[PDB]
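Engineer: Sharing a structure with you now.
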There are 4 protein chains.
Amino acid sequence: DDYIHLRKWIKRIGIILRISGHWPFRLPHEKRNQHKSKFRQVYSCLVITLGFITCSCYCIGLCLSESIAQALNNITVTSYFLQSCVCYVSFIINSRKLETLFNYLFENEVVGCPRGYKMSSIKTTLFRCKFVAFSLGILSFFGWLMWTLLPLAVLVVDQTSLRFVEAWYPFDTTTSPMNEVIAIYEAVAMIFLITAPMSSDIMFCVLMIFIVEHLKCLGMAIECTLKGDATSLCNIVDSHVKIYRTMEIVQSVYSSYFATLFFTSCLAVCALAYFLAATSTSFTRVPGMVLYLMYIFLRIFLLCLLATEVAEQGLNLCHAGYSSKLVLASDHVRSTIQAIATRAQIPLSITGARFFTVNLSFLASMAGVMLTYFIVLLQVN
Amino acid sequence: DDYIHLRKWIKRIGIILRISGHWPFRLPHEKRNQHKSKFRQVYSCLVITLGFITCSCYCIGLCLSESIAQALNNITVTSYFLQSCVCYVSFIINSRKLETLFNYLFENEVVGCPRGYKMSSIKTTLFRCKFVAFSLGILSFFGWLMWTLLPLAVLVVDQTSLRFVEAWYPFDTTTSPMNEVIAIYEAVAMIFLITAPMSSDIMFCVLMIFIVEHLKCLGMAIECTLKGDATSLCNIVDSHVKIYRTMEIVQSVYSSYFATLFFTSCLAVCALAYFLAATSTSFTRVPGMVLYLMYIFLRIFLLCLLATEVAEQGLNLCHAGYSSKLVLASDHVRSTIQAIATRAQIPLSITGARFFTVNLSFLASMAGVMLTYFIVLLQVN
Amino acid sequence: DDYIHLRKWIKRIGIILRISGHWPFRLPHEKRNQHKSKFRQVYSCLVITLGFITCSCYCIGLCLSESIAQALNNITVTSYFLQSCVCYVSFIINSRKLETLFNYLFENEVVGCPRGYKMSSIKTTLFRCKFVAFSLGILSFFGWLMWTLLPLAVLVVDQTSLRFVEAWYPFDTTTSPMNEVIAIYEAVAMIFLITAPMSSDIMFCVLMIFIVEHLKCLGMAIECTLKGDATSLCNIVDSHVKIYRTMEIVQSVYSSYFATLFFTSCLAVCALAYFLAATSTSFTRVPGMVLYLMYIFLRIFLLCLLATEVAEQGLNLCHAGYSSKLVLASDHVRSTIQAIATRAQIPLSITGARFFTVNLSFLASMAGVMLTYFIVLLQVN
Amino acid sequence: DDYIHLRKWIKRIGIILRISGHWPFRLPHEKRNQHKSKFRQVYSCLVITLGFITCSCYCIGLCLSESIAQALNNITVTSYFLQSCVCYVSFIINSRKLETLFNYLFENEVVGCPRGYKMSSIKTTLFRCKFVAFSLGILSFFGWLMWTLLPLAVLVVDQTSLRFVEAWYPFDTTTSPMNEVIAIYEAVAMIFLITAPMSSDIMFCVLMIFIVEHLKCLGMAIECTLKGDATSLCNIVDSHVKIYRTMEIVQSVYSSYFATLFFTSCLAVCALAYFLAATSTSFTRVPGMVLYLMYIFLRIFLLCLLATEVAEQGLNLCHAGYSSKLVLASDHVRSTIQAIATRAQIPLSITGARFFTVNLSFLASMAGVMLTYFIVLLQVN
Ligand SMILES: C=CCc1ccc(O)c(OC)c1
Ligand SMILES: C=CCc1ccc(O)c(OC)c1
Ligand SMILES: C=CCc1ccc(O)c(OC)c1
Ligand SMILES: C=CCc1ccc(O)c(OC)c1
């Protein structure tokens, strides 16, 4: 059937998680322990130290800021680069729980639900997975292409300023050949520094989609069980517990990464809005800044939506198996459904380092914070 | 009895939902499939494309705003017009769930409650339905009458400016006959563009009133059941489940429409307060602006009140059938009432695209946001 | 014993509720229907129409405000006077539920609790009742005395300005005898206009203290029942239901009154802080303004504290009868205690017209709002 | 084993609680009533009256502030000193509940958990206890050393201003020997005034760590009980009740102390940020101000983290003993686990005088308040 398709996609995500330079863990379809090969183990470490030296250069470039304009110009790139740095460290540390996470979305067969629901669930999962992957991929590729190779293409068609923001360097980088080779190094570094948080967010969104479909199939399984004693209820409770444990495993790495992401993204959005609204931009950097805003807004909105859907499906699992059949069932079923409802009243939520809950109302509150601190940066001039 | 009266009113709402130009669905009292007649199917589509061309004209009129005054003058009408546009699209898409919604408030007989309560419930439902319909109808009619036909009447009694705000047009519309025919076209377009969200909000308020009366009759049915085994409890649980499913059906269309409504209404209120407080208005537009504020405040307050009443009645259904009889009942009743209370602890709330819950505290928070952004528009001058 | 003392105090509150001019209802100790005597029925109506004409004079005095200073000077007195007006109307309308409220705190004997706890409960109730009554009484009397009879005493010891803020009048009230007779009329009107909300708030605080002691005795009764089957649990459930119904009766009148009180009190606090911090006060009105702030802060803090204590005692009633005895009890007790805990998880809260919950965190949020709008009034100058 | 180690540390905390001058209560390892000896009873009272006279001097130094700069300079030290004053009073009053608190963390053996978990729990408890104690100790010692003995060392190496902020005194303290002896008295007073809230916060953090480990061992005990009837469940319920009562005992003293701490700490942080960002500091006080900020931020973050961990462990105790075994257990176990889950749904939270809940989101909200009132102090200049 089409199920063989889904594994194919959870192959490709693993492959792209090896492309960006994350630490190579064992994916499901490796029975010869090729994740410990020295080739990938030096490739990942080389990309990681390239990432660290580039992020450190752009970070110490921020501390040597004379005016507020150079600081606000370094804020955006330093924001995204330390986001990718936190993502690199958080995926290096927990290279064991990612094994369990990729073992979850490889076999997840819910026992009890009808097949006519399961096929439509697999179709919806495939469609939403492809949409979420391709949208961020296309937007990120076009944003990198503009932001890095538009002023270089302008100069190769035609006091240069090929790069957007300046950073600390050993040499002067004002003389002609140095600026070109630094621009090329910035291009390859920004490839390997952009594609890591996009890959992590694609994996998070795939996890959330699979968990939403698991919860819907669990609700249908409870209904089809109640429509008809022990074994179906035990399998339902076990699948509910597996969903809760998988969300608890998802919580930690993305808690640290989400705290860093949301704070630094709010700073980057405020700085970009100030540069677009106030200063005299030279029309070459504007296709970079108008796509970087769209990428950031799309990323925040998709993360908040696929985090809200899981809590909504849990609270809808609270209202499962509640009819005249429940009043006419035995005491065993009437106690087990009560236990399931009591445990399902607890919400499955992702917290960003326990400072906030990733919901859709949090996006509105953060948009209010952005709009409050945008007027301040406008009035400071 | 008087029950034949209530169906009459749920006839008229359907009729007014065909007047404003919504897509014709099958109401309860049609057994010959006359909702698929070509007459209404071209009437609705014609009013809809008139609405879209007028809203698009007023929307591209906003983007060609030189000063901040013309932008803030276009904000109010563009706000209301894109509200009506979102309402038109959301009622075109879900023309199947409106069938179920009109099937709900056509037969809703609760089994178990005494008749002496049911007659008073029908009287209260009729009174509050007539009040909510007639108040918005009278205020909207007087607001349209002032806002559109006061400066035209001033000119026909007596460098013209017959319309309030300017919009993009192919011609110049400054020469005399063009401005009059554009004013007449604006009059008929503003009729068909005002009466659609008012009709949708009347239908929402009728739904909320009927659901509140359903919940009160369910509480009385639980009390009269406990005062006296299987069949009454099964009918109670089934009616509770029907109420929850009907609220879940109400949630989606009004979620999208409420997000658009509340955001654009906050913008319109802030702009109107700035124009009334600061600038030198020429005393002809002031009867339009002082009625548009009253309509917006009345609409927001009635929506928030009839959304809060349902949650309050659900949490009061939690405290139903709790006396010394519950302690002296069997284990079947003591488990079924416990299941009803556990399911009733979940609140029945309407969310606006999951960004906020439509409550009465949200009206206070939005009034705080309005008061915060009114002082900013005053200080910007 | 000392219980005969408590009834004495719930006599006196009723007497003071007849002094301020509220509509005379039947208190507990009247078996000859003397609350329908014509003497009190004309006394209350006369004080009420005096209140309405004075509040209307001070309210139309606000609309004829040229500068912002006269408006901000009328804001405080118009605030308190329309607070008392809303209190007068809300106590005229619900003159039937006050019968039930005074029937509650006249006999409230909890069955099951030990006597050694009940005597200490009555001592604590008497002490806190006397403290809450006498504090507001002394502060209100000294505030009225300063605010009304300090500039009159200054003039009778010694271009006059005997009253603090001016109001609309038929005559000019600038000539000498008119200003003195208007000051005397203002004195007696401010007596009858100050003592009504203070009396209502004393009655609310007495209700909250009695309900807190009822909840504590209910918790001790549950513990002493579980330490030892049917009758004790039935009496416990009945007393819990009586507490919930009494709080539901308290909710409505104080909901409307609390919405008016909290909004108008926030306005009055902001205006008083602006007048004390910025302008050149002539040192005679300062003992009025420094006592009016203390009265308002004391009133808000005591209302919020005695509203928070009830919710805390309910959530502590959730943790009642939970030991190794519950694990060793029968299924009847293990189901009834579960039902009591499930119903006790619902909080007993007082909402101000459903816009906010009267808690102690709401006092902090309102203090933040006051501090935000105080800086604005300072910067406007 | 290593358990003998843990008692050693709960000796030392008691010893440091006698060093700072708190009222001497009976610790666990005193069987001869040496806490009522006259030596410690005069030592504690002498340090307390020294604390009160120093805090009163620095408090009346604040009221004689001409400019806003001297007031904002006195705000920080008066903040910390009245924090220590509230801590002294709150530990003098409740010298009886501290007996119960030190009796809790002396024997807390959970019955049912495996030993392999308990040894790792004791190791984690020892490590986190040593970390939390030593971090605050080292930072506080270096902060006192800089803030008090840096300008004195500068003068003894070399119109003086040896102390940071001035306070009221009987003499002039401008002449040379008076300023030196006042600086020495300030040194010893700031030792005895700094080490008391640090000691109280160390005791609070030790309590929170022990309670978190107790809750984790309780969850493991529930799992190991369900894996296998009466006695294990009774011991589990008794340990849960002991945890709830111990948190209720912790609530009161730290409620008053936390309200004072959080408010005065927000004021001190805002004032320090204004002095570091705006004015021309003379480079000697900057090592005091940059360490005082780090101490305050570390204290607030550790208190909020170890208050959030307990609520998270309680809500994780809600999901305890929920598998296919629960569906296959008897009605006794299926009712007792349901009662445990219903009681565990209530959160174990520490409230600061019931105005706010000490969580990690409250730290974010208070950081927002700090950032809001820092810009105001910058713009006031
Ligand atoms: C300099 C920040 C990296 C970056 C630049 C432009 C973008 O569009 C983008 O989104 C992927 C990322
Ligand atoms: C231009 C906005 C349409 C409009 C104008 C005036 C109103 O009173 C109104 O309420 C129905 C709507
Ligand atoms: C003019 C407002 C009435 C009023 C004045 C002063 C007060 O102290 C007061 O508290 C009872 C009330
Ligand atoms: C004057 C306030 C006392 C104080 C000063 C500096 C510090 O570092 C500190 O933390 C313990 C406390």
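Here's how to read the names in the structure tokens: chain A, B, ... by the order shown, residue numbers from 1 in each chain, ligand numbers from 1 in the order shown.
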List all protein, DNA and RNA residues that have any atom at most 10 Å from ligand 2, counting only C-alpha atoms and all ligand atoms, and write the list as a ChimeraX atom specification.

Structural biologist: /B:74-81,84,136-148,164-165,186,190-191,193-198,268,287-296,299

Engineer: Taking 6 positions as the minimum chain separation for residues in the same chain, which residues sit within 12 Å of residue A:277 when counting only C-alpha atoms? Answer as number ranges by chain.

Structural biologist: A: 270-271, 286, 289-290, 374-375, 377-379, 381

Engineer: The selected residues should be written to file as a PDB file, in the first residue's frame (atoms: N, CA, C and O atoms).

Structural biologist:
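Saved file part-v4.pdb follows:
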ATOM      1  N   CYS A 270      11.908  42.570  15.718  1.00  0.00           N
ATOM      2  CA  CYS A 270      11.880  43.990  16.067  1.00  0.00           C
ATOM      3  C   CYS A 270      12.952  44.775  15.315  1.00  0.00           C
ATOM      4  O   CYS A 270      12.682  45.862  14.779  1.00  0.00           O
ATOM      5  N   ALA A 271      14.163  44.215  15.217  1.00  0.00           N
ATOM      6  CA  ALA A 271      15.235  44.909  14.504  1.00  0.00           C
ATOM      7  C   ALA A 271      14.950  45.021  13.008  1.00  0.00           C
ATOM      8  O   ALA A 271      15.210  46.068  12.399  1.00  0.00           O
ATOM      9  N   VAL A 286      16.883  44.717   0.584  1.00  0.00           N
ATOM     10  CA  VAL A 286      15.449  44.593   0.884  1.00  0.00           C
ATOM     11  C   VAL A 286      14.860  43.246   0.474  1.00  0.00           C
ATOM     12  O   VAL A 286      14.034  42.712   1.231  1.00  0.00           O
ATOM     13  N   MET A 289      15.689  41.100   3.534  1.00  0.00           N
ATOM     14  CA  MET A 289      14.960  41.401   4.758  1.00  0.00           C
ATOM     15  C   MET A 289      13.472  41.107   4.647  1.00  0.00           C
ATOM     16  O   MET A 289      12.846  40.788   5.664  1.00  0.00           O
ATOM     17  N   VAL A 290      12.881  41.207   3.456  1.00  0.00           N
ATOM     18  CA  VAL A 290      11.459  40.910   3.318  1.00  0.00           C
ATOM     19  C   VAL A 290      11.199  39.406   3.258  1.00  0.00           C
ATOM     20  O   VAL A 290      10.087  38.967   3.594  1.00  0.00           O
ATOM     21  N   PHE A 374       8.520  47.725  18.885  1.00  0.00           N
ATOM     22  CA  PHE A 374       8.810  48.316  17.582  1.00  0.00           C
ATOM     23  C   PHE A 374       8.616  49.828  17.616  1.00  0.00           C
ATOM     24  O   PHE A 374       9.386  50.579  17.001  1.00  0.00           O
ATOM     25  N   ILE A 375       7.604  50.293  18.352  1.00  0.00           N
ATOM     26  CA  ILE A 375       7.346  51.727  18.463  1.00  0.00           C
ATOM     27  C   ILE A 375       8.460  52.413  19.247  1.00  0.00           C
ATOM     28  O   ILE A 375       8.824  53.562  18.963  1.00  0.00           O
ATOM     29  N   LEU A 377      11.676  51.454  19.258  1.00  0.00           N
ATOM     30  CA  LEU A 377      12.803  51.575  18.340  1.00  0.00           C
ATOM     31  C   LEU A 377      12.539  52.606  17.253  1.00  0.00           C
ATOM     32  O   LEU A 377      13.485  53.187  16.710  1.00  0.00           O
ATOM     33  N   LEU A 378      11.269  52.845  16.916  1.00  0.00           N
ATOM     34  CA  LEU A 378      10.957  53.934  15.995  1.00  0.00           C
ATOM     35  C   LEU A 378      11.172  55.291  16.655  1.00  0.00           C
ATOM     36  O   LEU A 378      11.695  56.221  16.031  1.00  0.00           O
ATOM     37  N   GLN A 379      10.778  55.419  17.923  1.00  0.00           N
ATOM     38  CA  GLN A 379      10.866  56.715  18.588  1.00  0.00           C
ATOM     39  C   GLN A 379      12.286  57.032  19.035  1.00  0.00           C
ATOM     40  O   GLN A 379      12.606  58.201  19.281  1.00  0.00           O
ATOM     41  N   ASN A 381      14.983  56.538  17.140  1.00  0.00           N
ATOM     42  CA  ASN A 381      15.647  57.001  15.910  1.00  0.00           C
ATOM     43  C   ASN A 381      17.174  56.891  15.926  1.00  0.00           C
ATOM     44  O   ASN A 381      17.727  55.793  15.979  1.00  0.00           O
TER      45      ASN A 381
END

Engineer: For residue C:368, find every residue with an atom within 12 Å (counting only C-alpha atoms), except residues of its own chain fewer than 5 positions away, and show them as a ChimeraX atom specification.

Structural biologist: /C:266,270,361-363,373-375 /D:366,369,372-373

Engineer: Those residues you just picked out, can you put them in a file as a short mmCIF file (atom, residue, chain, number, x, y, z; two decimals), in the first residue's frame with C-alpha atoms?

Structural biologist:
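The resulting file, out.cif, is shown below:
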data_model
loop_
_atom_site.label_atom_id
_atom_site.label_comp_id
_atom_site.auth_asym_id
_atom_site.auth_seq_id
_atom_site.Cartn_x
_atom_site.Cartn_y
_atom_site.Cartn_z
CA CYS C 266 -9.16 52.95 39.89
CA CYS C 270 -5.21 57.80 39.63
CA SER C 361 -3.75 38.85 42.25
CA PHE C 362 -6.40 41.11 40.72
CA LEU C 363 -5.40 43.77 43.27
CA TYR C 373 -1.98 55.49 34.16
CA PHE C 374 -0.42 57.64 36.90
CA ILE C 375 2.72 58.28 34.84
CA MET D 366 8.65 40.17 36.45
CA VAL D 369 7.95 44.55 34.44
CA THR D 372 9.14 48.26 31.29
CA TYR D 373 10.17 50.35 34.29
#

Engineer: Using only C-alpha atoms, determine which residues of chain D fall within 9 Å of chain C; present them as number ranges by chain.

Structural biologist: D: 230-231, 233-238, 241, 332, 335-336, 338-339, 342-343, 346, 353-356

Engineer: For the selection you just gave me, I'd like the residues written to a file as a short mmCIF file (atom, residue, chain, number, x, y, z; two decimals), in the first residue's frame, keeping N, CA, C and O atoms.

Structural biologist:
data_model
loop_
_atom_site.label_atom_id
_atom_site.label_comp_id
_atom_site.auth_asym_id
_atom_site.auth_seq_id
_atom_site.Cartn_x
_atom_site.Cartn_y
_atom_site.Cartn_z
N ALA D 230 -2.98 -3.76 50.64
CA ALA D 230 -3.52 -2.72 51.50
C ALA D 230 -2.41 -1.85 52.08
O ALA D 230 -2.47 -0.62 51.99
N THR D 231 -1.38 -2.49 52.65
CA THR D 231 -0.41 -1.77 53.47
C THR D 231 0.47 -0.85 52.63
O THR D 231 0.81 0.26 53.06
N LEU D 233 -0.44 0.63 49.83
CA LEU D 233 -1.26 1.77 49.44
C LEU D 233 -1.48 2.72 50.61
O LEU D 233 -1.49 3.95 50.42
N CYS D 234 -1.65 2.19 51.82
CA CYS D 234 -1.79 3.05 53.00
C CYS D 234 -0.52 3.84 53.26
O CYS D 234 -0.57 5.04 53.58
N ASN D 235 0.65 3.21 53.10
CA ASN D 235 1.90 3.93 53.30
C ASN D 235 2.13 4.98 52.21
O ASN D 235 2.65 6.07 52.49
N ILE D 236 1.70 4.69 50.98
CA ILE D 236 1.82 5.65 49.89
C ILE D 236 0.94 6.87 50.15
O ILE D 236 1.38 8.02 50.00
N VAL D 237 -0.31 6.64 50.56
CA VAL D 237 -1.23 7.74 50.84
C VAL D 237 -0.74 8.56 52.03
O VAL D 237 -0.81 9.80 52.02
N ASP D 238 -0.17 7.90 53.04
CA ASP D 238 0.35 8.62 54.20
C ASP D 238 1.56 9.48 53.83
O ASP D 238 1.69 10.61 54.32
N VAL D 241 0.31 12.51 51.97
CA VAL D 241 -0.30 13.46 52.90
C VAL D 241 0.78 14.21 53.68
O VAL D 241 0.66 15.42 53.93
N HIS D 332 -10.60 -2.25 44.58
CA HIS D 332 -9.93 -1.52 45.65
C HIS D 332 -8.77 -0.70 45.10
O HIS D 332 -8.65 0.50 45.40
N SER D 335 -9.95 2.10 42.74
CA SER D 335 -10.50 3.25 43.44
C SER D 335 -9.43 4.04 44.19
O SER D 335 -9.49 5.27 44.23
N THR D 336 -8.43 3.36 44.75
CA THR D 336 -7.40 4.07 45.50
C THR D 336 -6.47 4.85 44.58
O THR D 336 -6.08 5.98 44.90
N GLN D 338 -7.41 6.04 41.73
CA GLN D 338 -8.25 7.15 41.29
C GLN D 338 -8.29 8.27 42.33
O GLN D 338 -8.23 9.45 41.97
N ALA D 339 -8.37 7.91 43.61
CA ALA D 339 -8.34 8.92 44.67
C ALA D 339 -6.99 9.63 44.72
O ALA D 339 -6.93 10.85 44.92
N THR D 342 -6.89 12.05 41.77
CA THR D 342 -7.76 13.20 42.00
C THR D 342 -7.14 14.17 42.99
O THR D 342 -7.18 15.39 42.79
N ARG D 343 -6.50 13.65 44.04
CA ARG D 343 -5.83 14.54 44.99
C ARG D 343 -4.53 15.10 44.40
O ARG D 343 -4.09 16.18 44.80
N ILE D 346 -4.47 18.51 42.27
CA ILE D 346 -4.28 19.79 42.96
C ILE D 346 -2.79 20.12 42.98
O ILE D 346 -1.98 19.28 43.42
N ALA D 353 2.38 35.60 49.62
CA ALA D 353 1.26 36.27 50.29
C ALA D 353 -0.03 36.25 49.47
O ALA D 353 -0.81 37.21 49.53
N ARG D 354 -0.23 35.19 48.69
CA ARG D 354 -1.37 34.95 47.80
C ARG D 354 -1.55 36.00 46.71
O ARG D 354 -2.61 36.06 46.09
N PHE D 355 -0.53 36.83 46.46
CA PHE D 355 -0.58 37.77 45.34
C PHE D 355 -0.12 37.14 44.04
O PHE D 355 -0.59 37.55 42.97
N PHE D 356 0.78 36.18 44.10
CA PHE D 356 1.29 35.52 42.90
C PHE D 356 1.77 34.13 43.29
O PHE D 356 2.06 33.85 44.45
#

Engineer: Which residues, written as an NGL selection string, have at least one atom at most 12 Å from residue D:153, with only C-alpha atoms counted and residues fewer than 3 positions away on the same chain left out?

Structural biologist: :D and (145-150 or 156-158 or 160 or 162-163 or 180 or 183 or 284)

Engineer: Point out the residue among B:203, B:20, B:340, B:178 with the least atom-to-atom distance to residue B:161, counting only C-alpha atoms.

Structural biologist: B:178

Engineer: What's around stretch 251-261 of chain B at 6 Å? Count only C-alpha atoms, leave out sequence neighbours fewer than 5 positions away in its own chain, and write the answer as a list in words.

Structural biologist: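 Near stretch 251-261 of chain B, the qualifying residues are residues 83, 87, 90, 350, 351, 352 and 353 of chain B.
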
Engineer: Next, write the just-selected residues to a file, as a PDB file, in the first residue's frame, keeping N, CA, C and O atoms as the atom set.

Structural biologist:
ATOM      1  N   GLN B  83     -14.249  42.213   7.083  1.00  0.00           N
ATOM      2  CA  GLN B  83     -15.039  41.379   7.993  1.00  0.00           C
ATOM      3  C   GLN B  83     -16.175  40.684   7.258  1.00  0.00           C
ATOM      4  O   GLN B  83     -16.360  39.465   7.385  1.00  0.00           O
ATOM      5  N   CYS B  87     -16.755  36.690   6.345  1.00  0.00           N
ATOM      6  CA  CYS B  87     -18.036  36.054   6.653  1.00  0.00           C
ATOM      7  C   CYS B  87     -18.651  35.394   5.421  1.00  0.00           C
ATOM      8  O   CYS B  87     -19.182  34.279   5.509  1.00  0.00           O
ATOM      9  N   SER B  90     -16.572  32.200   4.655  1.00  0.00           N
ATOM     10  CA  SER B  90     -16.763  31.170   5.670  1.00  0.00           C
ATOM     11  C   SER B  90     -18.174  30.593   5.631  1.00  0.00           C
ATOM     12  O   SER B  90     -18.394  29.457   6.065  1.00  0.00           O
ATOM     13  N   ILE B 350     -16.045  29.265  23.030  1.00  0.00           N
ATOM     14  CA  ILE B 350     -15.810  29.593  21.628  1.00  0.00           C
ATOM     15  C   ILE B 350     -14.483  30.332  21.531  1.00  0.00           C
ATOM     16  O   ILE B 350     -14.300  31.380  22.159  1.00  0.00           O
ATOM     17  N   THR B 351     -13.555  29.790  20.753  1.00  0.00           N
ATOM     18  CA  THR B 351     -12.249  30.397  20.558  1.00  0.00           C
ATOM     19  C   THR B 351     -12.201  31.074  19.200  1.00  0.00           C
ATOM     20  O   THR B 351     -12.716  30.542  18.217  1.00  0.00           O
ATOM     21  N   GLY B 352     -11.587  32.249  19.149  1.00  0.00           N
ATOM     22  CA  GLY B 352     -11.406  32.913  17.875  1.00  0.00           C
ATOM     23  C   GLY B 352     -10.111  32.501  17.212  1.00  0.00           C
ATOM     24  O   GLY B 352      -9.059  33.082  17.492  1.00  0.00           O
ATOM     25  N   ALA B 353     -10.192  31.509  16.321  1.00  0.00           N
ATOM     26  CA  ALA B 353      -9.054  30.867  15.656  1.00  0.00           C
ATOM     27  C   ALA B 353      -7.982  30.398  16.636  1.00  0.00           C
ATOM     28  O   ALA B 353      -6.793  30.430  16.309  1.00  0.00           O
TER      29      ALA B 353
END

Engineer: Please, what distance in Å, to one decimal, runs between atom CA of residue A:216 and atom CA of residue A:117?

Structural biologist: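 One can read the atom CA of residue A:216 to atom CA of residue A:117 distance as 9.5 Å.
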
Engineer: Counting only C-alpha atoms, what is within 12 Å of residue D:124, bar same-chain residues fewer than 3 positions away, as a PyMOL selection string?

Structural biologist: chain D and resi 2+6+117-121+127-131+209-210+212-213+216

Engineer: Could you dump the residues just selected with N, CA and C atoms as a CSV table (one decimal), in the first residue's frame?

Structural biologist:
chain,number,residue,atom,x,y,z
D,2,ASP,N,26.3,6.5,52.7
D,2,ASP,CA,26.4,7.9,52.5
D,2,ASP,C,25.3,8.7,53.2
D,6,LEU,N,24.3,13.1,54.8
D,6,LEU,CA,23.2,14.1,54.6
D,6,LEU,C,22.8,14.8,55.9
D,117,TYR,N,17.2,2.9,43.2
D,117,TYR,CA,16.7,4.3,43.0
D,117,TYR,C,17.1,5.2,44.2
D,118,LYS,N,17.0,4.7,45.4
D,118,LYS,CA,17.2,5.5,46.6
D,118,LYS,C,18.6,6.0,46.7
D,119,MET,N,19.6,5.2,46.4
D,119,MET,CA,21.0,5.6,46.4
D,119,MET,C,21.3,6.7,45.4
D,120,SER,N,20.8,6.5,44.2
D,120,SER,CA,21.0,7.6,43.2
D,120,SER,C,20.2,8.9,43.6
D,121,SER,N,19.1,8.7,44.3
D,121,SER,CA,18.4,9.9,44.8
D,121,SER,C,19.2,10.6,45.8
D,127,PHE,N,24.5,16.3,45.7
D,127,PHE,CA,25.1,17.2,44.7
D,127,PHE,C,24.4,18.5,44.5
D,128,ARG,N,23.1,18.5,44.4
D,128,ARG,CA,22.3,19.7,44.2
D,128,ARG,C,22.3,20.6,45.4
D,129,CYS,N,22.3,20.0,46.6
D,129,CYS,CA,22.4,20.7,47.9
D,129,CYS,C,23.7,21.5,48.0
D,130,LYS,N,24.8,20.8,47.7
D,130,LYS,CA,26.1,21.4,47.8
D,130,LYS,C,26.3,22.5,46.7
D,131,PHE,N,25.8,22.3,45.5
D,131,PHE,CA,25.8,23.3,44.5
D,131,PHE,C,25.1,24.6,44.8
D,209,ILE,N,14.4,20.6,47.3
D,209,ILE,CA,15.2,19.5,46.7
D,209,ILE,C,14.7,18.2,47.4
D,210,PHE,N,14.6,18.2,48.7
D,210,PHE,CA,14.2,17.0,49.5
D,210,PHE,C,12.7,16.6,49.1
D,212,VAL,N,11.2,17.2,46.2
D,212,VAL,CA,11.2,16.7,44.8
D,212,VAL,C,11.7,15.2,44.8
D,213,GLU,N,12.7,14.9,45.6
D,213,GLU,CA,13.2,13.5,45.7
D,213,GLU,C,12.1,12.6,46.4
D,216,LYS,N,9.5,11.9,43.7
D,216,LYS,CA,10.0,10.9,42.7
D,216,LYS,C,10.0,9.5,43.3

Engineer: Using only C-alpha atoms, determine which residues lie at most 8 Å from stretch 46-49 of chain B, disregarding the query and same-chain residues fewer than 5 positions distant; provide the list as a VMD selection string.

Structural biologist: chain B and resid 20 to 22 88 192

Engineer: With N, CA, C and O atoms retained, could you export that selection as a compact mmCIF listing (two decimals), in the first residue's frame?

Structural biologist:
# COMPACT_ATOMS: atom_id res chain seq x y z
N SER B 20 -29.22 38.85 2.54
CA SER B 20 -27.90 39.45 2.53
C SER B 20 -26.98 38.87 1.46
O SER B 20 -25.94 39.47 1.17
N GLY B 21 -27.33 37.72 0.88
CA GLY B 21 -26.54 37.17 -0.19
C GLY B 21 -25.70 35.96 0.17
O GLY B 21 -24.82 35.60 -0.62
N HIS B 22 -25.94 35.34 1.32
CA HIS B 22 -25.22 34.12 1.66
C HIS B 22 -25.66 32.97 0.75
O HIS B 22 -26.71 33.03 0.10
N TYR B 88 -18.55 36.05 4.26
CA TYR B 88 -19.08 35.49 3.02
C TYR B 88 -18.35 34.20 2.64
O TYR B 88 -18.99 33.21 2.29
N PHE B 192 -25.82 45.91 1.10
CA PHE B 192 -25.56 44.47 0.96
C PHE B 192 -24.28 44.06 1.69
O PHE B 192 -24.03 42.87 1.89
